[PDB]
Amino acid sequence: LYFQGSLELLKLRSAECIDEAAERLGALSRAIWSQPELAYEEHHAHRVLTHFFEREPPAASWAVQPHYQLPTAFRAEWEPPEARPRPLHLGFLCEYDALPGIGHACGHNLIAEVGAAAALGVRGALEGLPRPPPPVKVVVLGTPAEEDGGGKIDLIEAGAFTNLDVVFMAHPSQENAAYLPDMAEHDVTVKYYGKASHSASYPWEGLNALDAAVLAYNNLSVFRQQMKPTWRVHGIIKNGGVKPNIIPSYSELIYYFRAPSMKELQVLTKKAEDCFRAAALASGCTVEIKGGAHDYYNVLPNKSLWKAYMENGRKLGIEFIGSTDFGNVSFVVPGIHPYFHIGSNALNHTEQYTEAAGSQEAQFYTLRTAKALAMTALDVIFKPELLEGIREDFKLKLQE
């Protein structure tokens, strides 16, 4: 309430701090939105974001590590100037890679903005405290290459998440939801090797790798009837031959599989493997099945963090109702990944979403959800009961 320095006042201060930074946060958005960059090539975005935190006053009060483990990833940290337990480490993630051809059709410029905004708001609320604040470290991580590769996984492998206690990010969508079901994903490239022959003269001396590709497609297609409705299989024939006068000796398929858990994903992947090896057996070709570098995990929900986020969203006026490398993060750190409406009916990964992601209209919705994240971070800092419940829900759901 209106008490000396209540939690409510700290939440208000975080909101006022985000409002105060609205103009430079929107410039941050537009600098990324207007210069879209693909996975692992976000050199401009990396420049913009590192400069953003280096310039936050007082300059150098954010400790900024550019080129953190990846050339376009960065890390930025702030903690109250204090000294003598263990400090609470709260992480905020920024995404900023675009999509080929259509630009920021997933609003990743606003994910960068919302992670920066929420971290500014937590710092400003903690600087507004008179008595020494509890020991907290605000950590911002720039995570490149969400659409391809999975920069958070590169960062997990580097140990970047091993000391975080809770991690926050949010994603622009078509409605406001504290959690939506993101699924595990496994990528594969399938290559078939046969034996060239002149189809005009001696076709029976060939081993037809195009046949292998089509049979694999047929094999997977009838299998769809026995997939679970939550399972997904999608793929293309990237190479299906070069000229009709030669029985093709090479073919190449590229496929994705998705399922709501890793146990199901491995069942689905094994059935697909059988389908690919069947096509080799039937055609007389050999086959190479090369899995992707980084399987994406499903996102593990956190009930306690979920409820505390929705309560803050309600106060802010928020009404509530694929796959991401945030799933891998959520398996090693309790986290939340809310989706938020930005005033558009367009769907993600379409050109009209690129328009909405860059719009002035989206800015209000983006800063509002950033306020919700910061208030929730303040919840975790000042409610030890919540932190333990968060940890309890994290340990329990990990039993899977």
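A residue's number is simply how far along the shown sequence it sits, counting from 1.
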_Unmodelled deposited residues flanked by residue 222 on one side and residue 223 on the other_ = none
*Please count the deposited residues lying between residue 84 and residue 85 that the model leaves without coordinates, and give the class: none, 1 to 3, 4 to 9, or 10 or more.*
4 to 9
_Going by the mean C-alpha B-factor recorded in the entry, which is higher: 178 to 186 or 116 to 124?_
178 to 186
*Which has the higher mean CA temperature factor in the PDB entry, 341 to 349 or 368 to 376?*
341 to 349
*Per the PDB entry, which option out of 129, 90, 110, 215 has the greatest Cα B factor?*
129
*asked:* Ranking every modelled residue in this chain by its Cα temperature factor as given in the entry, which third contains residue 266?
replied: middle
*Hey, what third does residue 240 fall into on Cα B-factor, ranked over its chain?*
lowest
*Split the chain's modelled residues into thirds by Cα B-factor; is residue 296 in the lowest, middle or highest one?*
middle
*asked:* By the recorded C-alpha temperature factor, relative to the other modelled residues in its chain, which third is residue 328 in?
replied: lowest
*Taking the C-alpha B-factors as the PDB entry records them, is residue 95 in the lowest, middle or highest third of its chain?*
lowest
